[PDB]
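So the protein lines, in turn, are chains L and Y. For the first sequence, the numbering used here assigns the number 3 to the initial residue and increments by one for each residue that follows. For the second sequence, the numbering used here assigns the number 255 to the initial residue and increments by one for each residue that follows. Just so it is clear, CB atoms sit at the ideal spot from N, CA and C, and this is done for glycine as well. To keep things clear, I will list the structure first and then write my remarks on it.
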Amino acid sequence: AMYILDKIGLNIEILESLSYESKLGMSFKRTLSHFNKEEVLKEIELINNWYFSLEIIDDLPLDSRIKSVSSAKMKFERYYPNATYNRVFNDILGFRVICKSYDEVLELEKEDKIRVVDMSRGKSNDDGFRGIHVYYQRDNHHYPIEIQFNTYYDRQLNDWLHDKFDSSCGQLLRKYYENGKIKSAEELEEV
Amino acid sequence: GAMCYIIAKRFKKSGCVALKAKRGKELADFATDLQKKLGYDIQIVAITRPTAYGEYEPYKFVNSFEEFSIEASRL
Ligand SMILES: Nc1ncnc2c1ncn2[C@@H]1O[C@H](COP(=O)(O)CP(=O)(O)OP(=O)(O)O)[C@@H](O)[C@H]1O
Ligand SMILES: C[As](C)(=O)[O-]
Ligand SMILES: [Mg+2]
Ligand SMILES: [Mg+2]
Ligand SMILES: [Mg+2]
């Protein structure tokens, strides 16, 4: 029934089927202080293994990425102990899609299980990046699933920002891009 | 049938090693084992399409699990 989900061949049932139930016995609403790093990494190793074995992922009409246990280890060490588990380990399975407009993405707000992170006008700490990331979470004991949305216009600078980059540095690069000063990979190497 | 790409990349070092492979038990077990051997400074990830993930450019494509293991261990 949601236009954006129909366009990317997803629905709530499919998202439910791709959700991994944690066996840690701890609510993902809790901070990292309540988790054991070794237990978390062993569980994420199993989740990564599960996603590497699911053929259905390659059949869906949208792109995806299975993040590594190494990324999870760095995230744990960076955010321990005060970050909330559901905000840290929320992208093991991450889809990526080009949206026609950000307005079609905002319809996802209707789903109680979908958290919308709208960075279409920037993040709180603006560093030039632009896009909308959403996170589906079946319940407080399942790992979230991410979907990254970008327009082609934002995707182009995001790619260049990734290739080369204070937040003010990326923020200024975005201002130059919006002013027509950065139009290619050759023009990005001069500015 | 549908294929994915298993990718190896050292964090903070541009470029990756990539192998077209079939999603399944064999690939999953290979990846889990390889990740353990390579350690935590290397990421083993699975993507649908190289053109969708510019963060891994350039892609050093290989043609076997043996070559993938060797090249990943050289990152
Ligand atoms: N300044 C920037 N320039 C380009 N892309 C950026 C960006 N900030 C964020 N992104 C994109 O948005 C994604 C989500 O960002 P964050 O969650 O804040 C960091 P991350 O995902 O932990 O980085 P990682 O890709 O090294 O894991 C990134 O993976 C990247 O693709
Ligand atoms: C059986 As094999 C070549 O994935 O290690
Ligand atoms: Mg991760
Ligand atoms: Mg991070
Ligand atoms: Mg990284």
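Query                                                                                                                                                                                                       : Result
Going by C-alpha distance, which of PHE167(L), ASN127(L), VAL42(L), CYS171(L) is nearest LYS25(L)?                                                                                                          : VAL42(L)
Measuring only between beta-carbons, confirm whether residue 2(L) sits less than 8 Å from chain Y.                                                                                                          : Nothing about residue 2(L) can be reported from this structure: the residues present for chain L run from 3 to 193 only.
Identify every run of the beta strand (DSSP E) within the region 256 to 314 of chain Y, keeping only runs that are complete inside it and at least 3 residues long; order them along the chain.             : 258 to 264, 270 to 275, 296 to 301
Tell me, to the nearest whole angstrom, how far the beta carbon of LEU288(Y) is from that of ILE298(Y); I am working on the premise that it is less than 8 Å.                                               : 6 Å
Can you list, in chain order, the residues of the region 48 to 67 of chain L whose Cβ is nearer than 9 Å to any Cβ on chain Y?                                                                              : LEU48, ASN50, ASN51, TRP52, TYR53, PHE54, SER55, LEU56, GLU57, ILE58, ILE59, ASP60, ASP61, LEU62, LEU64, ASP65, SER66, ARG67
With burial defined as no fewer than 16 other Cβ atoms inside 10 Å of the residue's Cβ, what is the status of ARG328(Y): buried or exposed?                                                                 : exposed
Which residue's Cα is closest to the Cα of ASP105(L): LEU163(L), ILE134(L), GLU57(L)?                                                                                                                       : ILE134(L)
Take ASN92(L) and list the residues in its own chain whose beta-carbon comes closer than 7 Å to its own, dropping the five residues that flank it on each side.                                             : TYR137, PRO146, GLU148
So which residues touch the region around ligand 4, with touch meaning a C-beta under 7 Å from any heavy atom?                                                                                              : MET76(L), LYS77(L), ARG80(L)
Tell me the start and end of each unbroken alpha helix (DSSP H) in the region 126 to 168 of chain L that is at least 4 residues and wholly inside, in chain order.                                          : 154 to 166
Since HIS164(L) meets chain Y, which of its residues come closer than 7 Å, beta carbon to beta carbon?                                                                                                      : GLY308, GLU309
Would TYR294(Y) and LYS77(L) qualify as a contact pair, given that the criterion is a beta-carbon distance under 8 Å?                                                                                       : no
What residues in the region 279 to 293 of chain Y have a beta carbon less than 7 Å from any beta carbon of chain L?                                                                                         : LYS279, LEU281, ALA282, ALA285, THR286, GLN289
Does the region 162 to 171 of chain L come into contact with the region 255 to 266 of chain Y, if we say contact requires no fewer than three beta-carbon pairs (one atom in each stretch) closer than 8 Å? : no
Starting from the beta carbon of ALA272(Y), find every residue of chain L whose beta carbon is closer than 7 Å, and list them in chain order.                                                               : Ordered by position in chain L, no residue passes the 7 Å Cβ test against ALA272(Y), which lies about 13 Å from the chain.
For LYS274(Y), which option in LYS290(Y), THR286(Y), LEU292(Y), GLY255(Y) has the closest C-alpha, if you only look at C-alpha atoms?                                                                       : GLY255(Y)
Using only the heavy atoms of ligand 2, determine whether one of them is closer than 7 Å to the beta carbon of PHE37(L).                                                                                    : no
Looking only at its chain, what residues have a beta carbon closer than 8 Å to the beta carbon of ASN84(L), apart from the 5 residues adjacent to it on each side?                                          : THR33, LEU34, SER35
Kindly list, in the order they appear in chain B, the residues whose Cβ is closer than 7 Å to that of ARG98(L).                                                                                             : Reference to chain B is not applicable here, since the protein chains of this structure are L and Y.
Just curious, the beta strand (DSSP E) that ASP65(L) is in, first and last residue?                                                                                                                         : 65 to 68
Looking at chain L, is there any beta carbon in it that lies within less than 8 Å of the beta carbon of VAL316(Y)?                                                                                          : no
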